[PDB]
Amino acid sequence: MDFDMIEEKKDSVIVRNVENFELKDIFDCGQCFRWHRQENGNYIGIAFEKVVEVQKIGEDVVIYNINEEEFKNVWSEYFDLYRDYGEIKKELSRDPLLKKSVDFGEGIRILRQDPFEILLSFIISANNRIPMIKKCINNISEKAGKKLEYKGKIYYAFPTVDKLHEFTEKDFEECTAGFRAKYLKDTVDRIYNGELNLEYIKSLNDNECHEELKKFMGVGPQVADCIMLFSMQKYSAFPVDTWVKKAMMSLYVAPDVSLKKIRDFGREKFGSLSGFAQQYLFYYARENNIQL
Ligand SMILES: Nc1nc2c([nH]c(=O)n2[C@H]2C[C@H](O)[C@@H](CO)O2)c(=O)[nH]1
């Protein structure tokens, strides 16, 4: 594990000697939308119908609003704290071309998020901008999510499948999903009616899992890779957007080809570490706003 032990406190849990764990790297590397940076450096987020605040002090991490039982069954896995990222980075850094990206995002960890929330979140992410995506997801939660309180503030859990089934295309449109409102509604019904089952989809191997997810309206190859990587731990995924495409052409002189071919080229080169590889690539590419 990438931590030595924990210690339960009054209203929190302290993780001792965490390794490969930085707040900005984890929360701003592109994998999540409901974690917000606070004035003091901490981050507050809403996941699994719960509000959590995370802080790093030295080599320790404090997770407020949770107990040891919650840490053991929910959060330790949420933060993928059982996987050794030192090995991942060591293996990838063998490629001198990846070192710079890996070192820049050294504290990245791929969270184990909820499939349903992730499915709708990334359908919303397609050709969108960060602000609109976050706004839309929050709007959907405020409108139909369980109300929550933390330190004098109200927050909204992500809505259940049943509550969202009540939504009309117009509702998603009012939350500003734009033309994607149609995809959200179509997708929620497929979930509700039982046509597509997320937990079953998640039990399939990387390639099968991927194919199924593409059955959802608004879900193409890129979005499918994001969904299975971020919520179904299918590590051979290699999400290709314009940022990953740039970093890829720039480093391996890959010629301008389809996203599918860039995806095939990435997965071929990184295998089981493809997902981790693209996150480092993506994070570095976007924060440094690289060009041809
Ligand atoms: N390849 C890739 N693309 C992503 C991720 N997260 C994310 O939002 N995107 C896309 C969505 C949208 O196309 C743009 C938003 O910055 O980047 C992500 O984690 N990986």
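Atoms within each ligand, like the ligands themselves, are counted from 1 in listed order. This chain uses plain numbering: 1 for the first residue, then up along the sequence.
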Nearest option to [atom], as decided by whichever heavy atom of [options] sits closest:
| atom | options | result |
| --- | --- | --- |
| atom 2 (C) of ligand 1 | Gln31, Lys245, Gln222, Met132 | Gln222 |
| atom 1 (N) of ligand 1 | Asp241, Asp225, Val223 | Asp241 |
| atom 14 (C) of ligand 1 | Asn128, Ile124, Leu259 | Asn128 |

Under 4.0 Å from any heavy atom of [X], which atoms of ligand 1 are there?
| X | value |
| --- | --- |
| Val244 | 1 (N) |
| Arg286 | 16 (O) |
| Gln279 | 19 (O) |

- Query: Where does the angle between the aromatic ring planes of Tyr283 and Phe104 fall among parallel (under 30°), tilted (30 to 60°) and perpendicular (over 60°)?
  - Reply: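 If you compare the ring of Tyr283 with that of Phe104, the planes turn out tilted.
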
- Message: Below the 3.5 angstrom mark, is there an N/O of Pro239, backbone or side chain, next to an N/O of ligand 1?
- Response: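 Between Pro239 and ligand 1 (N or O atoms, distance only) the closest approach is under 3.5 Å.
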
- When only distance counts, is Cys226 in polar contact with ligand 1, meaning an N/O pair under 3.5 Å?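 It does not: no N or O of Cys226 is found under 3.5 Å from an N or O of ligand 1.
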
Heavy-atom distances under 4.0 Å decide this one: backbone, side chain, both or neither, for [X] against ligand 1?
| X | result |
| --- | --- |
| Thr242 | neither |
| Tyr283 | neither |
| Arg129 | neither |
| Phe122 | side chain |

Tell me which protein heavy atom sits closest to [atom], plus the residue, atom name and distance to 0.1 Å.
| atom | result |
| --- | --- |
| atom 6 (N) of ligand 1 | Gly30 O, 2.8 Å |
| atom 19 (O) of ligand 1 | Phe230 CZ, 3.0 Å |
| atom 17 (O) of ligand 1 | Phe282 CZ, 3.9 Å |
| atom 20 (N) of ligand 1 | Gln278 OE1, 3.3 Å |
| atom 15 (C) of ligand 1 | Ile130 CD1, 3.6 Å |
| atom 12 (C) of ligand 1 | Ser125 O, 3.4 Å |

- Message: Among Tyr43, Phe3, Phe21, which residue satisfies the ring pair (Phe, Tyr, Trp, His ring centres under 6.0 Å) criterion with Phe79?
- Response: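 Only match with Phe79 under ring pair (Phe, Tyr, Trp, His ring centres under 6.0 Å): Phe21.
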
- Message: Quick check on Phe33 - does any of its heavy atoms sit under 4.0 Å from an atom of ligand 1?
- Response: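 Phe33: in contact with ligand 1 (<4.0 Å).
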
- Query: How close do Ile108 and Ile110 get, heavy atom to heavy atom, and via which atoms?
  - Reply: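 For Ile108 and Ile110, the tightest heavy-atom pair comes out as CG2-CD1, 4.3 Å.
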
- Distance-minimising heavy-atom pair for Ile66 and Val13: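 Scanning both residues completely, I find the closest heavy atoms to be O-CG2, 3.5 Å.
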
- Pick from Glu87, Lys89, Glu106, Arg83: which one makes a side-chain hydrogen bond (donor to acceptor under 3.5 Å, both in side chains) with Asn20?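 Single pass found, and it is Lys89.
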
- Task: Flag the pair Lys185 and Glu169 as a salt bridge only when some basic side-chain nitrogen lies within less than 4.0 angstrom of an acidic carboxylate oxygen.
- Result: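 Here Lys185 does not pair with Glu169 in a salt bridge, since their nearest N and O are not under 4.0 Å apart.
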
- Message: Looking at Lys9 and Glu7, is there a salt bridge between them, counting it only when a charged N and a carboxylate O are closer than 4.0 Å?
- Response: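 Salt bridge flag = yes for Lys9 with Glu7.
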
- Task: For the residue pair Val74 and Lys50, establish whether any side-chain heavy-atom pair is separated by less than 4.5 Å.
- Result: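 With C-beta onward as the side chain, the pair stays apart.
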
- Task: Please check if the distance between the ring centroids of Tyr85 and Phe276 is under 6.0 Å.
- Result: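 Yes: the rings meet the under 6.0 Å criterion.
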
- May I ask you to check whether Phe122 and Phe33 place their ring centres under 6.0 Å from each other?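 Under 6.0 Å, so yes.
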
- Query: Under the side-chain hydrogen bond (donor to acceptor under 3.5 Å, both in side chains) criterion, do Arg267 and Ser236 qualify, and how do the steps go?
  - Reply: CA-CA 6 Å; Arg267 302 184 70 223; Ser236 68; 3.0 Å; yes

- Atom NZ of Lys90: over 12 foreign heavy atoms under 6.0 Å: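 At most 12 heavy atoms, drawn from other residues, nucleotides or ligands, come within 6.0 Å of this atom.
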
